[PDB]
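Report on the structure given below.
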Amino acid sequence: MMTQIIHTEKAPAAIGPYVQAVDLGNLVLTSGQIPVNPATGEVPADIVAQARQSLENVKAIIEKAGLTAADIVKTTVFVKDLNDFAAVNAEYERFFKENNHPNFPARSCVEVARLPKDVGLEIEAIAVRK
Amino acid sequence: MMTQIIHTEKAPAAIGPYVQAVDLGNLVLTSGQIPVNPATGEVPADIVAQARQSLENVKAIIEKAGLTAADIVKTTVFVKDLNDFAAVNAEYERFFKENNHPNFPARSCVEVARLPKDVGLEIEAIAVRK
Amino acid sequence: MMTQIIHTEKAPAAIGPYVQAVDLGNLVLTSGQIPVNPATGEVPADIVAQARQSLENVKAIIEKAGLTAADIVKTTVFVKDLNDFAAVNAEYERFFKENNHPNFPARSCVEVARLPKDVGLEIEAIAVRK
């Protein structure tokens, strides 16, 4: 039996009051990831670049656990500019099907006032593996 | 056995990286719905009208699956004006009990900066059926 | 068998379209709590004081049910000032381990535009008890 707690060597890492992710068993969940630039360690200005890195981090954790984005049941993403979603949404959906994730997980994205680390976007989705 | 994926002919419909809703089986979940005006296809200015339509869409999906709002375990709603919640909250609670939903599902509403489609409100709640 | 619904005599109490909390059984969930000052009934200006009270309310409900913060699988908290998180995060993590909550539940905090009751912060986390 297992419950939450998900270690990995790709995500932003956990060193505070939270872990990289949580594996409840059969139903996984990813914390509010962020485009922690691999060279700046924060959030690339390139809404597309930062948007792509954030997706890799969220998947890296779920992948290190033994799953895939395709399994993602639901997904949530906070944006600092709903006008930029045009590029993120176009690439967000184009990658899922390009990764074999046509299931299309639930969505819950909204324009928040701000985000941790001044990040221009956050990612938090759920995944299953029945 | 089932997992996520919920089709319907009432909700805003899914044509991107997400589905109308997701049925994990026994525990359903609705995506961030929106008052997609049946005549404008976006969000009626009438905070009350748009607030009512949004509730119907969220219920239409759960209803098309085989459940009811009364079963809703938790609920989340983003507002663009916490001052308007006075009318939404008054009608939100008056409809639940009027629909046989006295259980009172969890709440998680907050004043967000913006919302998809420039909608003045979003709805995302969970439902059970043990 | 049980499903949602969690009564208590410590939390902000439920008198509208939502209950104090919801106990799905084995997997609990707390609604968007708030620092409802015990003397003002709203939200203390002391970001630290209000931040501490909010934590007690969220735990009071889960405690009245038969669990602890340590069991918390995931956690979400809306802030009105990401600059204040420096004090909340420092005390948030210092209390978990001080309460025996080193598990570190998932995180999902963001700077929202506003919050119910003009509260300067909201709390909503999940808990397990397998």
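General remarks:
- Index of the failed condition, residue A:14 passing every other in (1) in a loop (DSSP other than H, G, I, E, B); (2) facing chain C (nearest Cβ under 9 Å); (3) touching a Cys at 6+ places or on another chain (Cβ under 9 Å): (3)
- Unmet criterion (only one of (1) within 20 Å of residue C:109 (Cβ to Cβ); (2) part of a helix (DSSP H, G or I); (3) more than 14 Å from chain B (Cβ to nearest Cβ)) for residue A:56: (1)
For every residue, the table says whether it meets (1) closer than 19 Å to residue B:130 by Cα; (2) out of contact with any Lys or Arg (no Cβ under 7 Å at 6 or more places or on another chain).
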position	(1), (2)
B:8	no, no
B:14	no, yes
B:18	no, no
B:21	yes, yes
B:42	no, no
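- Every test in (1) in contact with a strand residue (DSSP E or B) (Cβ under 7 Å, 6 or more places away or on another chain); (2) of a type in the set (A, V, I, L, M); (3) not in a helix (DSSP H, G or I) is passed by residue B:62 save one, and that test is (3).
- Pick from region B:33-53, criterion buried (at least 21 other Cβ atoms within 10 Å of the Cβ) and in a loop (DSSP other than H, G, I, E, B), ranking: farthest from the chain's Cα centre (by Cα): B:43
- The lone exception for residue C:107 - which of (1) within 14 Å of chain B (Cβ to nearest Cβ); (2) in contact with a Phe, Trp or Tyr (Cβ under 6 Å, 6 or more places away or on another chain) it fails: (1)
- Matching option when the condition is within 20 Å of residue C:119 (Cβ to Cβ), among the aromatic types (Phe, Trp, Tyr) and out of contact with any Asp or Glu (no Cβ under 6 Å at 6 or more places or on another chain), among B:78, B:85: B:85
- Selected residue (criterion: farthest from residue B:55 (Cα to Cα)) from residues of region B:110-123 that are part of a loop (DSSP other than H, G, I, E, B) and facing chain C (nearest Cβ under 10 Å): B:113
- Region B:22-32 - residue that is within 7 Å of chain A (Cβ to nearest Cβ) and of a type outside the set (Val, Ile, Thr) and, of those, surrounded by the most Cβ atoms within 10 Å (Cβ to Cβ): B:31
- Whichever residue in region B:63-95 is under 15 Å from the mean Cα position of the chain (by Cα) and of a type in the set (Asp, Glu) and, among such residues, is farthest from the other protein chains (Cβ to nearest Cβ): B:63
Neighbour counts are summed over all protein chains in view; Cβ atoms, including those assigned to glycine, are modelled from backbone coordinates with ideal geometry. Every read-out reported here was derived from the displayed coordinates using simple, explicitly stated rules and does not represent laboratory data.
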